[PDB]
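What follows is a single chain, given as structure tokens, in the form deposited without its partner chain.
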């Protein structure tokens, strides 16, 4: 009869396993086992050593990661990893020759690389160092410098600047090898007119004078970085001191004013697909470009233009979805909202057709989460269609030649244990591995695409299961309440022997940002687990308006006015929970991180009287402080000629007064390059001028995630005690 301690959480007492494989072909994959990379034969467990407990130990214990060339001939050894922003980071590398069985030592690779990657084919390498792109046709050979315009915080070649890395692409990389590795496409960013944000860094107590970090960061309405797209021919390198990359210029309907590069996708090797977006993400264009053999130039004829548009809000969930072309690149499938506002799959022809560019292959009041693979006859995707649960994830498949032949491949398997699947098909969809993140303990299995014969079970958390037997785990209800005649899903983490007649304190876990989803069928062991299993607190989340994957009617509901409906609906959800009975209305709280911290703060400052206390970590206090790409996507420009008013209305400080009726805890990281601290600093100041007492806590040199070990532990313990004090427990 043991509970789930805060220590169980902080020390990670109960490890949850998984099976992260790396398809190397249509029939074999790689898998790390006891610091050994093994090659597995999907079909017969037939295994085999690929890299030993050994190898990795040479470069000390600093071996951050590894990357096997596609032709399985060499292996990249990452080490001396140094983080920088969400995805950026710099490591040192070593190429290990599998065949010759030793480390290539000749033409090494810069001891401070910002990015590196093999071609899709052989053993070609492209890496960015000092903001410049370099190429090595083969591992033993010398580097060919592709660019030289590179310069810190000014010119980025092959890597994204801060805002692009964070809001557009999602990674540091801005390189794209064409299939058959003939070309190498890359983007270039000029951060010149972009303003700077400059926070302090204290470092070891031995540093006598604190450093200062500057970053070209564009806040709402500020001048943004600029782009340029190039494609350099890899094959000529050996016969020149320099090659002259060819530039593609965004489509006219985008060049008139500020705009961004949305996504890159190689169709074939003489055809590439680029997606562009206007600064006001109202409009989007996806041009298809062909390589002219004669004049050695790329053409992006307006006939292959393709326009995406939204009269309700913005394009895509967080940006236009990616296209998936056929072999002959004659057509492509892409997820777009249908006549009803439901993100579905439809076909396109390379050449645009007058208001008929699409033919939907999917219909219904549910949405396609993502396209997973496109065979010559099949299109495997993932949707939240099954059991009308927008919070669930299942793997479907449609026969191209017959859109009727639609079959779910995960819906049966374990309806009880699994309702949230993650997938991963082999190079040519011959086999497919399934990741059950579903309600119960995560379950990984691999099947044979043909008949779905579950070849075997790769990982069932039997171990974690035996362990959790001696612990009083909490439960998780995932249902939905209905407001103004609409389904609105929510979830609750119920403490152990939860008795519907007694009354418990309630903690609302918030996010509620555009296209967010907190109510789902995924298994987790987090802080909320400890809060229910040991403090008997009910932790609930509610996906209200402007959220999830339930159509644009719900998502675009927030458009041009954040800090409105999503906040309100969060309060309503609490009301409703109270009406369910088992909630001690005298002890109801709410917390959130980043966007969630904003809503938390906006709820606490609404004076609805419904909440006692709350905690906001790295909150946003007013949209002018946040970056352009994100903010503007929903708020437009902060100008009288546009949406300045809603900007100035959705301020947290403008609600300082109402905080007198609440115990508030504001937490922020000192080195937060994302949500600047200026944000919380502006809040504390607002409350101080209002004469409202509250509790604060800064985390010296912590990121936007306050995730260093010691900090992570400290911030959760401190938040626990805050709730304990607030709920009269502790």
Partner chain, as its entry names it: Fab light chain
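Shifts are known only where both forms have a C-alpha. Just so we're on the same page, rigid core means the largest C-alpha set that superposes within 1.5 Å between forms. Residue numbers count along the first chain shown, from 1.
One more form of this protein should be noted, the form solved in complex with its partner chain, which is absent from this view; the next part is about it.
- Contact check for residue 80: a non-hydrogen atom falls within 4.5 Å of its partner chain in the deposited bound form.
- Though the partner is left out of this view, residue 34 does not reach within 4.5 Å of its partner chain in the deposited bound form, counting heavy atoms only.
- In the deposited bound form, its partner chain lies farther than 4.5 Å from every heavy atom of residue 661.
- Contact between residue 62 and its partner chain in the deposited bound form is found at the 4.5 Å heavy atom cutoff.
- Of the candidate stretches 53 to 61, 66 to 74, 25 to 33, 38 to 46, only 53 to 61 has residues whose heavy atoms lie within 4.5 Å of its partner chain in the deposited bound form.
- The contact with its partner chain in the deposited bound form, taken as any heavy atom within 4.5 Å, belongs to 205 out of 205, 470, 402, 416.
- Looking at CA displacements between this form and the one not shown with the core superposed, a shift of 2 Å or more is confined, among 208, 238, 212, 295, to 238.
- Residue 43 shows a C-alpha shift of 2 Å or greater between this form and the one not shown [criterion: core-superposed Cα displacement of 2 Å].
- The pair residue 239 and residue 111 is at least 3 angstroms closer at the CA level in the deposited bound form than in the present model.
- Compared with the form shown here, the C-alpha atoms of residue 241 and residue 111 sit at least 3 Å farther apart in the deposited bound form.
- Segments of 3 or more consecutive residues in which every C-alpha moves by 2 Å or more between this form and the one not shown, counting only residues present in both forms and fitting on the core, are 43 to 45, 238 to 242.
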